[PDB]
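Taking it in order: structure first as structure tokens, then the write-up.
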Amino acid sequence: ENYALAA
Amino acid sequence: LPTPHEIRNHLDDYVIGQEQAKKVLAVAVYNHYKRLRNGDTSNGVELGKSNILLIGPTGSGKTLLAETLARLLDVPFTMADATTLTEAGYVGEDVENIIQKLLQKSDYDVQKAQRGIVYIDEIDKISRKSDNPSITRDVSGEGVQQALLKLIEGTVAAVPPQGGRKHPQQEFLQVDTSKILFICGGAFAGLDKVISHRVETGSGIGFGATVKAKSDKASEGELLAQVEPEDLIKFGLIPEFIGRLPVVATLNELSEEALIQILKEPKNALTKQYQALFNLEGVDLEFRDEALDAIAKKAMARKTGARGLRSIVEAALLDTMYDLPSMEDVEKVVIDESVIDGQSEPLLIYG
Amino acid sequence: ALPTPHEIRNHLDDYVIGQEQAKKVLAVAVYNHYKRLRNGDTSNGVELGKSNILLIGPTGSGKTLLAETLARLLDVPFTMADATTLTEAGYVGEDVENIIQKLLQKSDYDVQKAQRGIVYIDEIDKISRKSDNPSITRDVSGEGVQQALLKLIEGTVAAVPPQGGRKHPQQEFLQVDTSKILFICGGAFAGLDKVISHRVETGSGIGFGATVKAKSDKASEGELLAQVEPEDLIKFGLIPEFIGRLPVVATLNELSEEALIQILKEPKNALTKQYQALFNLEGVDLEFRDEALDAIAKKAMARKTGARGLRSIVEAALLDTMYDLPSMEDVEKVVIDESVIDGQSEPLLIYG
Amino acid sequence: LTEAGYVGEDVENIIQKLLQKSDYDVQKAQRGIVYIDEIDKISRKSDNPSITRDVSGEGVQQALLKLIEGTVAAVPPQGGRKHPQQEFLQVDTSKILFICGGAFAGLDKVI
Amino acid sequence: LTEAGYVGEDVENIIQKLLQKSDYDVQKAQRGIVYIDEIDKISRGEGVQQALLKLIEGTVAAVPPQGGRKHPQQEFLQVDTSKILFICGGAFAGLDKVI
Amino acid sequence: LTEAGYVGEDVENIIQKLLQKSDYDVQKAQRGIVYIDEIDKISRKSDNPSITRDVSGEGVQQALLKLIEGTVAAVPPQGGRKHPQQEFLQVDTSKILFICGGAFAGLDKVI
Amino acid sequence: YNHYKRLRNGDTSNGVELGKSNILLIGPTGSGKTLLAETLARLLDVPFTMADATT
Ligand SMILES: Nc1ncnc2c1ncn2[C@@H]1O[C@H](COP(=O)(O)OP(=O)(O)OP(O)(O)=S)[C@@H](O)[C@H]1O
Ligand SMILES: Nc1ncnc2c1ncn2[C@@H]1O[C@H](COP(=O)(O)OP(=O)(O)OP(O)(O)=S)[C@@H](O)[C@H]1O
Ligand SMILES: Nc1ncnc2c1ncn2[C@@H]1O[C@H](COP(=O)(O)OP(=O)(O)OP(O)(O)=S)[C@@H](O)[C@H]1O
Ligand SMILES: [Mg+2]
Ligand SMILES: [Mg+2]
Ligand SMILES: [Mg+2]
Ligand SMILES: [Mg+2]
């Protein structure tokens with residue numbers, strides 16, 4: 001349950 | 001079903017000083033609904049989709065017109081924000097969520113959702129920008145515009161079936177966006193500069209030449225009507241995006257007459273708020289007619305819209321509010337025109 | 001009963017010195033905020049809208065200190081946030097909504113209690129653009145934060161994880177409104193005085209008619225900032241949309257020499273008291289003469305770092321004494337004269 | 001170090017390093033000493049384009065302000081990168097001492 | 001596209017826009033029509049023209065398939081621009097005097 | 001192509017295109033050939049010394065030197081730019097052949 | 001050679017910490033700078049890496 005990508 | 005006169009009448013009850021914009025919104029909304037009823041329209045010609053684009057300065061009724069419209073109409077209405085939106089697969093948000101929220105408002109009635117409205121505020125914030133070396137990637141921008149564009153052009157959208165549990169049975173009901181109405185708004189700050197260059201050729205130098213002063217600068221008020229798609233593209237929008245929004249409702253800056261009405265005519269007007277504030281404090285507040293005119297002149301100068309009014313009133317009553325609780329036996333407070341300018345301080349009845 | 005603004009200002013006066021206008025604004029807002037909190041039902045057809053505050057002042061004026069003092073006296077939840085850490089949605093830095101989460105913690109996750117809360121966003125001038133122009137690149141740590149804060153200030157529903165995002169996939173995120181939350185955005189706008197001068201100090205040419213002040217008659221930042229208007233802020237880098245949400249603009253004056261002398265001794269946690277306590281636990285008594293305090297104020301004013309300058313002047317004067325004082329024995333009192341600040345003399349010592 | 005939201009290391013990472021020394025004992029780290037070397041490498045370029053952002057030099061100074069003065073800073077346990085939807089260890093830098101250093105080049109000319 | 005920064009991504013985006021309309025069909029997309037506007041403005045942006053002509057001459061472009069959070073390099077669809085017809089438009093006001 | 005640190009473009013993109021032609025088979029790319037066009041544009045023609053910076057010209061030649069000579073090159077997976085991300089595969093250009101072609105204008109006058 | 005000597009006395013039982021002295025090679029083109037490094041890597045047991053400062 002990893003988090004979404006962040007720029 | 002609703003008539004434009006009815007729409008404008010309901011809007012006028014809550015909005016002040018946007019006669020032309022209200023007309024455009026009413027006409028566009030009515031025509032859009034008439035288009036949905038007569039899908040075939042007994043003709044080979046297909047009517048262009050009328051999606052409104054609201055352009056106006058701060059504190060002019062953009063975010064208010066949308067809310068008032070929702071109150072009147074019965075169809076679903078969702079108020080999104082472009083700032084939250086981001087490119088797909090990022091932490092911020094997704095564009096598909098808009099339809100999801102729309103269905104929740106419509107009780108998951110796909111038939112009703114396809115007939116709903118959608119208001120996107122702060123659309124100017126997703127304007128295209130030049131690449132930054134330090135930033136990893138520019139997600140809140142062009143990418144979001146393309147997602148909204150594919151949503152506006154008309155495409156099926158998959159919505160989970162109420163999110164019953166981890167596994168929702170993968171129903172992924174399809175929602176069509178071809179019949180949905182979009183109202184994209186935002187104060188395109190800096191657009192007046194782009195428009196000015198395009199339509200202003202400067203001034204001459206001779207005797208016969210017409211010299212133009214700063215008062216003739218032709219600022220955003222009366223300068224946003226001349227806007228063309230080329231100016232928006234320079235601001236950062238996509239050309240195809242503009243073509244999807246033919247209707248361009250422009251909101252002019254609020255005049256002193258409109259501001260004075262806002263001070264007293266609304267049910268939750270600024271003057272009524274302070275009166276209630278004083279009333280629960282055992283005091284009665286009275287605003288003179290001259291004072292309201294002075295407040296509007298100061299607020300207009302600030303170029304902050306109707307929100308400026310609170311700044312002027314707060315400053316005038318700052319000292320009074322600070323020492324009114326300590327003062328005893330005071331039943332009424334009167335604000336004269338001088339109080340707004342600061343030369344005098346507000347008469348207090350000690351009866 | 002309800003605390004009146006006079007009572008609130010007195011508690012602020014104990015720790016703050018000289019900021020009368022700013023103290024009034026905060027006192028009035030807190031009183032109005034409590035009035036709204038009590039009259040939550042509002043049995044009338046009127047919605048009492050909030051007025052956000054914007055604190056502007058030089059360094060060492062008392063902005064952050066005012067917020068800290070306020071927290072001590074605030075029954076409702078109060079949190080202090082830094083705008084530097086915030087970033088626009090979708091970026092590595094942070095999410096603006098985190099402030100509300102920080103606020104809920106203060107209220108033990110009582111949404112109804114948090115909604116009626118106060119927030120102080122410090123360093124608000126550091127999320128500003130460089131010019132009036134919209135932008136040239138994505139200003140994540142800048143206008144992007146301002147664009148994100150608009151909805152937070154005006155009023156909206158923000159999502160918040162109650163305990164942990166990883167405990168459950170959705171975790172039934174809490175929805176908390178902000179239409180009633182009060183915001184106090186405080187920043188030390190640097191270069192704003194220059195902007196106002198260009199708009200106010202006209203006729204700055206070269207001829208006879210032109211006025212040249214030679215940095216003597218020139219109005220200081222404290223006097224100039226008093227004439228601040230939103231248009232000046234737009235040029236500094238703020239968004240028009242962001243100022244309208246902050247109608248109340250309270251300004252803090254530059255600290256004069258007399259105010260600095262008061263700061264040294266009168267406040268509860270005054271600088272002199274701190275050094276006296278440091279020596280007191282060491283077995284020594286520290287005495288400051290009145291002449292010394294006047295000298296320290298003049299030196300600190302030159303630094304143009306606010307009241308923080310005082311610490312530099314005092315620490316430098318007591319550096320030699322603090323270094324060799326523990327080695328010394330039988331020393332019970334230390335006296336600082338006016339000459340000690342200049343450096344010509346050595347602080348007098350008492351043995352016994 | 002760099003300003004928040006950019007690819008470079010954040011300013012809160014300093015506290016993370018401090019936690020390593022204290023076996024992740026926040027109470028023990030809040031009373032620590034910190035030495036920030038090469039503090040002269042973060043300086044405003046006076047003669048530079050107005051419309052730009054000095055994330056490396058000015059942003060770092062802006063970010064360190066609340067840290068030096070004292071604030072409840074968010075500290076990722078590992079500290080590699082900051083993620084908004086991530087658990088953070090709140091640390092207070094009001095008692096931490098900072099000793100900045102750096103060979104200022106060209107200061108003698110300014111003086 | 002006159003910015004002249006990461007032109008490869010910007011020109012590639014054009015192809016990506018076509019695929020969305022093409023329903024992510026490489027065969028149908030390769031038959032598409034591309035219209036470029038205001039081609040006169042870039043003239044004086046030599047780098048912009050150089051990037052464009054490579055796209056006009058024909059090249060293979062990598063477009064992410066059906067969006068997605070993260071996808072491997074190989075998964076990217078390979079479309080050829082040699083088979084795509086490109087139309088360049090624009091008004092050349094000064095050109096009349098030149099003739 | 002631009003000097004590293006500038007937003008225009010980087011010199012590693014070349015190898016990226018080469019990988020695409022080899023189906024991302026590194027061992028098959030190292031044995032490849034690369035044609036670099038418009039090399040004369042990089043030449044300092046109207047140099048006007050670059051005390052501020054030289055990005056489109058001398059800054060590109062300096063970068064290519066090791067690429068041509070042969071060194072491991074960090075290549076992003078696909079259509080990405082360099083960043084702290086560690087999702088980079090190393091490619092060796094020691095055996096790659098380079099054919100730099102340019103329509104040098106005014107060289108005849110120099111000769 | 002000195003690098004190897006410092007590695008042998010990992011413990012360094014003395015009140016002395018040996019500090020490294022870095023090298024700066026200056027020379028014209030086609031002189032042997034890069035070549036010297038490559039040759040060194042052939043006979044270097046300790047990890048040797050080559051970096052390009054332009055990137
Ligand atoms: N025409 C109007 N009639 C009545 N109240 C108005 C009008 N225009 C502005 N107001 C007042 O201003 C408030 C905000 O108006 P908005 O329509 O939100 O302005 P805005 O265009 O949304 O500003 P932003 O920040 O650019 S979204 C309303 O709640 C009213 O109190
Ligand atoms: N009016 C004041 N009364 C008492 N102490 C003060 C006053 N102004 C400054 N100080 C002292 O200066 C310290 C810092 O004051 P702050 O208000 O935090 O400065 P500032 O306004 O935050 O400037 P910043 O944070 O760089 S924007 C306080 O902790 C006090 O010790
Ligand atoms: N002293 C030398 N002995 C043997 N071969 C040499 C010598 N100097 C140069 N060479 C040859 O020249 C080639 C390049 O030498 P390098 O040392 O790489 O040049 P350089 O010192 O790197 O100059 P740069 O890197 O272009 S500034 C080598 O591969 C050898 O073939
Ligand atoms: Mg709005
Ligand atoms: Mg502060
Ligand atoms: Mg060629
Ligand atoms: Mg070499």
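Here, A, B, ... name the chains of the structure tokens in the order displayed, residue numbers run from 1 inside each chain, and ligands are numbered from 1 in the same displayed order.
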Using only C-alpha atoms and all ligand atoms, which residues of the polymer chains come no farther than 10 Å from ligand 7? I'd like the answer as a CSV table (one decimal) with N, CA, C and O atoms, in the first residue's frame.
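Output file selection.csv follows:
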```csv
chain,number,residue,atom,x,y,z
F,65,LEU,N,33.0,15.4,-24.7
F,65,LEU,CA,34.3,14.9,-24.6
F,65,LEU,C,34.4,13.5,-24.0
F,65,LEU,O,35.0,12.6,-24.5
F,66,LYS,N,33.8,13.3,-22.8
F,66,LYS,CA,33.9,12.0,-22.2
F,66,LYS,C,33.0,11.0,-22.8
F,66,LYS,O,33.3,9.8,-22.9
F,69,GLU,N,35.0,9.9,-25.9
F,69,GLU,CA,36.1,9.2,-25.4
F,69,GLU,C,35.8,7.8,-24.8
F,69,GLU,O,36.5,6.9,-25.1
G,27,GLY,N,47.7,19.3,-17.2
G,27,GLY,CA,48.4,18.9,-18.4
G,27,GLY,C,47.7,19.3,-19.6
G,27,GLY,O,46.4,19.4,-19.6
G,28,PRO,N,48.3,19.3,-20.8
G,28,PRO,CA,47.6,19.7,-22.0
G,28,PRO,C,46.8,18.5,-22.5
G,28,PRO,O,46.8,17.4,-21.8
G,29,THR,N,46.2,18.6,-23.7
G,29,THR,CA,45.5,17.5,-24.3
G,29,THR,C,46.4,16.5,-24.8
G,29,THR,O,47.5,16.7,-25.2
G,30,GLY,N,45.9,15.2,-24.7
G,30,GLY,CA,46.7,14.1,-25.1
G,30,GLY,C,48.0,13.9,-24.4
G,30,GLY,O,49.0,13.5,-25.0
G,31,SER,N,48.0,14.1,-23.1
G,31,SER,CA,49.2,14.0,-22.3
G,31,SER,C,49.3,12.7,-21.5
G,31,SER,O,50.4,12.2,-21.3
G,32,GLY,N,48.1,12.2,-21.0
G,32,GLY,CA,48.1,11.0,-20.2
G,32,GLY,C,47.4,11.1,-18.9
G,32,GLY,O,47.6,10.2,-18.1
G,33,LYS,N,46.6,12.1,-18.7
G,33,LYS,CA,45.9,12.2,-17.4
G,33,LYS,C,44.9,11.1,-17.3
G,33,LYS,O,44.9,10.3,-16.3
G,34,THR,N,43.9,11.0,-18.2
G,34,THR,CA,42.9,10.0,-18.1
G,34,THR,C,43.5,8.6,-18.3
G,34,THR,O,43.0,7.7,-17.7
G,35,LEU,N,44.6,8.5,-19.0
G,35,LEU,CA,45.2,7.2,-19.2
G,35,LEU,C,45.8,6.7,-17.9
G,35,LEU,O,45.8,5.5,-17.6
G,36,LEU,N,46.5,7.6,-17.2
G,36,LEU,CA,47.1,7.3,-15.9
G,36,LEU,C,46.1,6.7,-15.0
G,36,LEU,O,46.3,5.7,-14.3
G,37,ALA,N,44.9,7.3,-14.9
G,37,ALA,CA,43.8,6.8,-14.1
G,37,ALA,C,43.4,5.4,-14.5
G,37,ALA,O,43.2,4.5,-13.6
G,52,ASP,N,32.9,12.5,-14.2
G,52,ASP,CA,33.0,13.6,-15.1
G,52,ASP,C,32.4,14.8,-14.4
G,52,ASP,O,31.2,14.7,-14.0
```
Env of residue B:146: 10 Å cut, atoms = only C-alpha atoms, seq-sep filter 3 positions within chain, self excluded. Answer as an mmCIF file with C-alpha atoms, in the first residue's frame.
```
data_model
loop_
_atom_site.group_PDB
_atom_site.id
_atom_site.type_symbol
_atom_site.label_atom_id
_atom_site.label_comp_id
_atom_site.auth_asym_id
_atom_site.auth_seq_id
_atom_site.Cartn_x
_atom_site.Cartn_y
_atom_site.Cartn_z
ATOM 1 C CA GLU B 87 -1.581 14.985 -13.393
ATOM 2 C CA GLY B 141 -0.539 22.575 -15.584
ATOM 3 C CA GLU B 142 -0.921 21.584 -19.238
ATOM 4 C CA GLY B 143 -1.380 17.954 -18.225
ATOM 5 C CA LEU B 149 -10.181 18.819 -22.370
ATOM 6 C CA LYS B 150 -10.794 15.120 -22.955
ATOM 7 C CA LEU B 151 -13.490 15.412 -20.296
ATOM 8 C CA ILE B 152 -15.143 18.400 -21.991
ATOM 9 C CA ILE B 238 -4.351 25.654 -24.639
ATOM 10 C CA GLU B 240 -8.120 23.738 -28.269
ATOM 11 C CA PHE B 241 -9.293 24.303 -24.695
ATOM 12 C CA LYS E 17 -2.599 14.322 -28.146
ATOM 13 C CA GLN E 20 -5.935 10.186 -27.327
#
```
Report the distance between atom 20 (P, counted along the ligand's line) of ligand 3 and atom CA of residue F:82 in Å, rounded to one decimal place.
->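 Taking atom 20 (P, counted along the ligand's line) of ligand 3 as the start and atom CA of residue F:82 as the end point, the length is 26.7 Å.
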Please identify every residue of chain B that has at least one atom no more than 10 Å from any atom of chain A, counting only C-alpha atoms, and report them as a JSON list (two decimals) with N, CA and C atoms, in the first residue's frame.
```json
[["chain", "number", "residue", "atom", "x", "y", "z"],
["B", 88, "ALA", "N", -2.34, 12.70, -13.60],
["B", 88, "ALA", "CA", -2.68, 11.36, -13.14],
["B", 88, "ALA", "C", -1.50, 10.70, -12.44],
["B", 89, "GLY", "N", -1.83, 9.90, -11.43],
["B", 89, "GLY", "CA", -0.85, 9.19, -10.64],
["B", 89, "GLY", "C", 0.02, 10.03, -9.74],
["B", 90, "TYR", "N", -0.55, 11.08, -9.15],
["B", 90, "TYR", "CA", 0.15, 11.96, -8.23],
["B", 90, "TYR", "C", -0.68, 12.12, -6.96],
["B", 91, "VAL", "N", -0.03, 12.62, -5.91],
["B", 91, "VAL", "CA", -0.67, 12.72, -4.60],
["B", 91, "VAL", "C", -1.81, 13.72, -4.59],
["B", 92, "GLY", "N", -1.64, 14.86, -5.25],
["B", 92, "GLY", "CA", -2.63, 15.92, -5.20],
["B", 92, "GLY", "C", -4.08, 15.57, -5.45],
["B", 135, "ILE", "N", 12.57, 22.02, -10.28],
["B", 135, "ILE", "CA", 11.39, 21.19, -10.07],
["B", 135, "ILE", "C", 11.56, 19.86, -10.78],
["B", 136, "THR", "N", 11.00, 18.81, -10.18],
["B", 136, "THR", "CA", 11.07, 17.48, -10.76],
["B", 136, "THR", "C", 10.25, 17.41, -12.05],
["B", 137, "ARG", "N", 9.00, 17.86, -12.01],
["B", 137, "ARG", "CA", 8.12, 17.87, -13.17],
["B", 137, "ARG", "C", 6.95, 18.78, -12.87],
["B", 138, "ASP", "N", 6.39, 19.37, -13.93],
["B", 138, "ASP", "CA", 5.27, 20.30, -13.83],
["B", 138, "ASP", "C", 3.99, 19.52, -14.10],
["B", 139, "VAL", "N", 3.32, 19.11, -13.02],
["B", 139, "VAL", "CA", 2.10, 18.32, -13.11],
["B", 139, "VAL", "C", 0.85, 19.18, -13.04]]
```
Strand (DSSP E or B) residues, from DSSP on the backbone, in chain F, as an NGL selection string = :F and (33-37 or 72-75 or 89-92 or 97-101)
Just need the residues of chain C within 8 Å of chain B, counting only C-alpha atoms, so spit them out as a PyMOL selection string.
-> chain C and resi 4-6+24-25+27-28+32+35+45-49+51+88-91+133-138+147-148+229-231+240-241+243-245+247-249
Using only C-alpha atoms and all ligand atoms, which residues of the polymer chains come no farther than 9 Å from ligand 5? I'd like the answer as a PDB file with N, CA and C atoms, in the first residue's frame.
```
ATOM      1  N   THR C  59      11.954  43.162  11.433  1.00  0.00           N
ATOM      2  CA  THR C  59      12.473  42.085  12.253  1.00  0.00           C
ATOM      3  C   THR C  59      12.575  42.527  13.703  1.00  0.00           C
ATOM      4  N   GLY C  60      12.291  41.603  14.610  1.00  0.00           N
ATOM      5  CA  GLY C  60      12.355  41.895  16.021  1.00  0.00           C
ATOM      6  C   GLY C  60      11.319  42.883  16.482  1.00  0.00           C
ATOM      7  N   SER C  61      10.164  42.905  15.833  1.00  0.00           N
ATOM      8  CA  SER C  61       9.095  43.817  16.187  1.00  0.00           C
ATOM      9  C   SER C  61       8.118  43.237  17.192  1.00  0.00           C
ATOM     10  N   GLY C  62       7.872  41.930  17.145  1.00  0.00           N
ATOM     11  CA  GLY C  62       6.958  41.276  18.059  1.00  0.00           C
ATOM     12  C   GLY C  62       5.805  40.543  17.416  1.00  0.00           C
ATOM     13  N   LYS C  63       5.951  40.134  16.160  1.00  0.00           N
ATOM     14  CA  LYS C  63       4.868  39.424  15.495  1.00  0.00           C
ATOM     15  C   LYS C  63       4.734  38.011  16.030  1.00  0.00           C
ATOM     16  N   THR C  64       5.793  37.219  15.897  1.00  0.00           N
ATOM     17  CA  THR C  64       5.781  35.858  16.406  1.00  0.00           C
ATOM     18  C   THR C  64       5.543  35.848  17.904  1.00  0.00           C
ATOM     19  N   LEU C  65       6.097  36.827  18.607  1.00  0.00           N
ATOM     20  CA  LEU C  65       5.909  36.912  20.045  1.00  0.00           C
ATOM     21  C   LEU C  65       4.454  37.170  20.392  1.00  0.00           C
ATOM     22  N   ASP C 122       3.163  32.033   9.844  1.00  0.00           N
ATOM     23  CA  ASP C 122       4.339  32.877   9.890  1.00  0.00           C
ATOM     24  C   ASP C 122       5.098  32.800   8.578  1.00  0.00           C
ATOM     25  N   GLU C 123       5.915  33.816   8.348  1.00  0.00           N
ATOM     26  CA  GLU C 123       6.734  33.911   7.148  1.00  0.00           C
ATOM     27  C   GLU C 123       5.884  33.873   5.884  1.00  0.00           C
ATOM     28  N   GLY C 186       1.434  36.452   9.287  1.00  0.00           N
ATOM     29  CA  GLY C 186       2.455  37.392   9.687  1.00  0.00           C
ATOM     30  C   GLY C 186       3.771  37.225   8.971  1.00  0.00           C
ATOM     31  N   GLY C 187       4.250  38.296   8.365  1.00  0.00           N
ATOM     32  CA  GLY C 187       5.513  38.260   7.657  1.00  0.00           C
ATOM     33  C   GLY C 187       6.208  39.596   7.699  1.00  0.00           C
ATOM     34  N   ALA C 188       7.536  39.545   7.684  1.00  0.00           N
ATOM     35  CA  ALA C 188       8.378  40.735   7.697  1.00  0.00           C
ATOM     36  C   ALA C 188       8.717  41.040   6.252  1.00  0.00           C
TER      37      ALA C 188
ATOM     38  N   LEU D  65      15.121  29.937   9.218  1.00  0.00           N
ATOM     39  CA  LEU D  65      14.698  30.950  10.180  1.00  0.00           C
ATOM     40  C   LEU D  65      13.907  30.367  11.344  1.00  0.00           C
ATOM     41  N   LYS D  66      12.795  29.701  11.057  1.00  0.00           N
ATOM     42  CA  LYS D  66      12.006  29.125  12.137  1.00  0.00           C
ATOM     43  C   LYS D  66      12.757  28.005  12.836  1.00  0.00           C
ATOM     44  N   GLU D  69      15.380  29.826  15.268  1.00  0.00           N
ATOM     45  CA  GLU D  69      14.633  30.501  16.322  1.00  0.00           C
ATOM     46  C   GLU D  69      13.897  29.508  17.207  1.00  0.00           C
TER      47      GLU D  69
END
```
Please identify all polymer residues within 12 Å of residue G:17, counting only C-alpha atoms, omitting same-chain residues fewer than 5 positions from it, and present them as a count of residues only.
-> 6
Could you list, as a list in words, the residues of chain F having an atom within 8 Å of chain G when counting only C-alpha atoms?
->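 Result: residues 3, 4, 5, 62, 63 and 66 of chain F.
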If you keep N, CA, C and O atoms, can you produce a file of those selected residues as a PDB file, in the first residue's frame?
```pdb
ATOM      1  N   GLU F   3      24.312  22.672 -21.595  1.00  0.00           N
ATOM      2  CA  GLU F   3      25.133  22.378 -20.433  1.00  0.00           C
ATOM      3  C   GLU F   3      24.279  21.859 -19.288  1.00  0.00           C
ATOM      4  O   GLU F   3      23.157  22.320 -19.075  1.00  0.00           O
ATOM      5  N   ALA F   4      24.798  20.857 -18.584  1.00  0.00           N
ATOM      6  CA  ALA F   4      24.095  20.284 -17.445  1.00  0.00           C
ATOM      7  C   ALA F   4      23.749  21.358 -16.428  1.00  0.00           C
ATOM      8  O   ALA F   4      24.563  22.227 -16.111  1.00  0.00           O
ATOM      9  N   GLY F   5      22.531  21.279 -15.912  1.00  0.00           N
ATOM     10  CA  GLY F   5      22.005  22.235 -14.968  1.00  0.00           C
ATOM     11  C   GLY F   5      21.079  23.250 -15.588  1.00  0.00           C
ATOM     12  O   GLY F   5      20.427  24.002 -14.855  1.00  0.00           O
ATOM     13  N   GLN F  62      32.287  20.424 -24.028  1.00  0.00           N
ATOM     14  CA  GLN F  62      32.905  19.910 -22.816  1.00  0.00           C
ATOM     15  C   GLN F  62      32.206  18.652 -22.330  1.00  0.00           C
ATOM     16  O   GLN F  62      32.852  17.722 -21.837  1.00  0.00           O
ATOM     17  N   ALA F  63      30.885  18.613 -22.451  1.00  0.00           N
ATOM     18  CA  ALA F  63      30.115  17.464 -22.004  1.00  0.00           C
ATOM     19  C   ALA F  63      30.330  16.258 -22.901  1.00  0.00           C
ATOM     20  O   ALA F  63      30.413  15.124 -22.420  1.00  0.00           O
ATOM     21  N   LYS F  66      33.844  13.317 -22.790  1.00  0.00           N
ATOM     22  CA  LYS F  66      33.911  12.013 -22.150  1.00  0.00           C
ATOM     23  C   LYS F  66      33.001  11.015 -22.845  1.00  0.00           C
ATOM     24  O   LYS F  66      33.319   9.823 -22.901  1.00  0.00           O
TER      25      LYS F  66
END
```
What are the residues of chain F that have an atom within 10 Å of an atom of chain D, counting only C-alpha atoms, as JSON, numbers by chain?
-> {"F": [83, 84, 85]}
Since we have the selection now, will you write its residues out, keeping N, CA, C and O atoms, as an mmCIF file, in the first residue's frame?
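The result, stored in out21.cif:
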```
data_model
loop_
_atom_site.group_PDB
_atom_site.id
_atom_site.type_symbol
_atom_site.label_atom_id
_atom_site.label_comp_id
_atom_site.auth_asym_id
_atom_site.auth_seq_id
_atom_site.Cartn_x
_atom_site.Cartn_y
_atom_site.Cartn_z
ATOM 1 N N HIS F 83 17.802 13.523 -12.117
ATOM 2 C CA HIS F 83 17.271 13.921 -10.820
ATOM 3 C C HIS F 83 17.851 12.986 -9.769
ATOM 4 O O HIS F 83 18.510 11.994 -10.110
ATOM 5 N N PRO F 84 17.641 13.286 -8.457
ATOM 6 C CA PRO F 84 18.095 12.368 -7.398
ATOM 7 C C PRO F 84 17.654 10.916 -7.554
ATOM 8 O O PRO F 84 18.233 10.033 -6.910
ATOM 9 N N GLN F 85 16.605 10.672 -8.344
ATOM 10 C CA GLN F 85 16.118 9.325 -8.609
ATOM 11 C C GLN F 85 17.261 8.417 -9.044
ATOM 12 O O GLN F 85 18.132 8.810 -9.826
#
```
For atom CA of residue C:323 and atom CA of residue C:269, determine how far apart the two atoms are, in Å to one decimal place.
->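 Computed distance, atom CA of residue C:323 to atom CA of residue C:269, equals 23.6 Å.
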Mind pulling up the distance from atom CA of residue D:30 to atom CA of residue D:81?
->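 So the two atoms, atom CA of residue D:81 and atom CA of residue D:30, lie 21.3 Å apart.
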Set out as CSV a contact list for chain C and chain D with a cut-off of 6 Å, giving each residue of chain C that qualifies its closest atom pair and distance in Å to one decimal, counting only C-alpha atoms, ordered by chain and rising residue number.
```
residue,atom,partner,partner_atom,distance
C:84,CA,D:63,CA,5.8
C:85,CA,D:4,CA,5.7
C:91,CA,D:5,CA,5.9
C:92,CA,D:5,CA,4.9
C:93,CA,D:5,CA,4.0
C:94,CA,D:84,CA,4.5
C:95,CA,D:84,CA,5.5
C:130,CA,D:51,CA,5.3
```
Write the residues you've just listed into a file as an mmCIF file, in the first residue's frame, and include N, CA and C atoms for each of them.
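Okay, out_38.cif is ready:
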```
data_model
loop_
_atom_site.group_PDB
_atom_site.id
_atom_site.type_symbol
_atom_site.label_atom_id
_atom_site.label_comp_id
_atom_site.auth_asym_id
_atom_site.auth_seq_id
_atom_site.Cartn_x
_atom_site.Cartn_y
_atom_site.Cartn_z
ATOM 1 N N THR C 84 7.078 28.496 4.662
ATOM 2 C CA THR C 84 8.219 27.982 3.916
ATOM 3 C C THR C 84 8.063 26.504 3.590
ATOM 4 N N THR C 85 7.594 25.714 4.552
ATOM 5 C CA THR C 85 7.459 24.279 4.354
ATOM 6 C C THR C 85 6.338 23.914 3.393
ATOM 7 N N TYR C 91 3.425 18.159 -5.048
ATOM 8 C CA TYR C 91 4.858 18.337 -4.915
ATOM 9 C C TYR C 91 5.403 17.747 -3.623
ATOM 10 N N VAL C 92 6.716 17.559 -3.659
ATOM 11 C CA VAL C 92 7.483 16.897 -2.612
ATOM 12 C C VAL C 92 7.386 17.603 -1.268
ATOM 13 N N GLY C 93 7.351 18.921 -1.259
ATOM 14 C CA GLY C 93 7.432 19.606 0.013
ATOM 15 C C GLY C 93 6.412 19.345 1.095
ATOM 16 N N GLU C 94 5.148 19.655 0.854
ATOM 17 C CA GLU C 94 4.128 19.467 1.876
ATOM 18 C C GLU C 94 2.788 19.821 1.256
ATOM 19 N N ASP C 95 1.737 19.578 2.028
ATOM 20 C CA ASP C 95 0.375 19.906 1.654
ATOM 21 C C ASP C 95 -0.125 20.961 2.622
ATOM 22 N N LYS C 130 8.284 37.515 -7.164
ATOM 23 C CA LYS C 130 9.270 38.582 -7.209
ATOM 24 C C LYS C 130 8.714 39.864 -7.811
#
```
